[PDB]
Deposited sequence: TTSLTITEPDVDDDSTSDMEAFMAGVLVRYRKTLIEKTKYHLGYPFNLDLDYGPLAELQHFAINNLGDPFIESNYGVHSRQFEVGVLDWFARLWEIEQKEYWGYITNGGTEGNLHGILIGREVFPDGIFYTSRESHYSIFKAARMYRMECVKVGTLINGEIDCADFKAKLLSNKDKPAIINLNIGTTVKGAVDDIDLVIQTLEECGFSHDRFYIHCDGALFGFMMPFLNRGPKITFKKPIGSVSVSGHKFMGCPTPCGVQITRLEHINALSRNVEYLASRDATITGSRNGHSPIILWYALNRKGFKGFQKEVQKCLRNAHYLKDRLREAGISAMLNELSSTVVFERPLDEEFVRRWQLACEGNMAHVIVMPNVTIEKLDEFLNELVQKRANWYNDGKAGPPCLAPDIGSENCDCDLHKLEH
C-alpha cells in the first residue's frame, strides 16, 4: 500500500484524516511489541516548528544553537542517579533507540579490549549479533535456560576455553521474546572465579525495555555501576513512551576517551554513533520524568506486572500454554494458529510462541476483549480429530505447557 507522489490542499488533508483513522484503530488493538502508546505530550508539539538538533556531545555545546541540551543533560543526570553513577564518573547521550545504545556500548567494549572475545546468549536481540558482525568481533553464543536467562554454566565452560583473551559481554536485561533477565551477579561471580579480574572484562547491559523498569522494584539483580558493568542502554519509546524512537546510553567517563574526537566545525566532540541527533526526544523524556517522577513510574511498572500476571492467569485457566518470568511484563503463550488474528492484535511470534507485552496503555478491559476473541477462535483450531495443541514445553518448560500430554501433569 504505497502512496505515489505527483507534481502540482484537499487530496492531502484527506489522506491525513484517513491515515489518522487507521492509526487510531491500530493503536486500539496493539499488544505484541514493547511500545508505550499512552503518549501524553500535547503541549510539546509547538516545538515541531523548530529544527532541534543536539549535534555533538551533550556536555560540550556545539555552535549550532537550536538544541535541547538543557533537557538532555537533565535526563541523563536522572539516569545516572537511577543507575548509581556520579556526575563526574559518567558519560552518555540520548540515542535514536536501543539498537544505537547496543552499538555504542559494544563498540566501547571493543575499544577497551580490541582482542576481546564477545559473549552473549542465544536469546540476545538481533541488534547484538548485527553489532559484532559490523564490528568484526568474534561472537561466542552462550546457551540459555528454558526461561531465557543466560546459562552461567555454559558461560563458565566457554570463558575457560578462551582464558588468554579478555571478555566482552552483553547481558540481556529483559530478552525480546521471553522477557528473561540475565543474572548479572552470577555472571560477575563466574568471571571472578575463572580468573577474570575487573580489568579483563567489560559488561554491557541491554535494557531496552526492562532496564528502565527494574530499578522501580525492590527485587532482582540491581543495575548499578557500583558493580563492574561498563554501560547500560534503554529505549525511551519502549516504557516511558515517545512518538519517535529514542533511548539513553550511559557509560563510564573513563571509557568514552577512546571514541571521543574533537571536530573543529562543530566546536564539539564526536563520541556518538550518530552525527545530527534528535533534540525533541530529550524534551519529551524530560517532560515525562518531571510530570511523573520515580513515584509515577513505580506505579505504572507495578500495574504492568499486575496486568501481565492477570493475562497469564486467564490464559492458563483457558488451558492455553503461557509463561511469565519473575521480573517481566512479557507473557509468552501458544502461538495463535490464525495469522489474521496475529495481525489484528499485532503479536510478535517465534516458532510456537507468541507474546503480549503489557505496556501502560494495555488495560484489563483490553486484555479481556482479546481473551474473549482468542478463546472463541481457539475452539475451531484443535477440535478432534485435528492434531491438538502444540507442545511449548521445549520453549517455556512443561510446568507451563497445556498441550494434550502436559496439561495432565498439573
Mind pulling out the bits of the deposited sequence that never got modelled, as residue ranges from 1? 1, 10 to 19
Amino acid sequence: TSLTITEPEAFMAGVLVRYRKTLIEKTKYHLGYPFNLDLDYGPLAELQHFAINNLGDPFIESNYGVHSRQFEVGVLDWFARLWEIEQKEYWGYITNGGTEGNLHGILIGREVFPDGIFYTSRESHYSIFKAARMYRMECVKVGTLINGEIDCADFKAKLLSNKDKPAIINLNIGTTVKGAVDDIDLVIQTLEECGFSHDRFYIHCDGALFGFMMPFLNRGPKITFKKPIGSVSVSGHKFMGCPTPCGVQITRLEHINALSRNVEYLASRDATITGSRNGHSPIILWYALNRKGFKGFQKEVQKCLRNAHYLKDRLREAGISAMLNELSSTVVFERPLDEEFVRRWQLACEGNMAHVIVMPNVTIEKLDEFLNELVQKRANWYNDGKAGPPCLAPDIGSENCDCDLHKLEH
From here on, numbers count along this sequence of modelled residues.
The stretch carrying the higher mean Cα B factor in the deposited entry, 204 to 212 or 290 to 298, is 290 to 298
On average, are the C-alpha B-factors higher in 185 to 193 or in 327 to 335? 185 to 193
From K303, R252, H198, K238, pick the one with the largest CA B-factor in the entry? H198
Just grab whichever of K178, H280, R81, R133 has the top CA B-factor as deposited. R81
Looking at the C-alpha B-factor of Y93, is it in the lowest, middle or highest third of its chain? lowest
Please place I106 in the lowest, middle or highest third of its chain according to the CA B-factor in the PDB entry. lowest
Pull the Cα B-factor of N53 out of the PDB entry and bin it into the chain's lowest, middle or highest third. lowest
Among the modelled residues of its chain, does the C-alpha B-factor of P34 lie in the lowest, middle or highest third? lowest
Among the modelled residues of its chain, does the C-alpha B-factor of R314 lie in the lowest, middle or highest third? middle
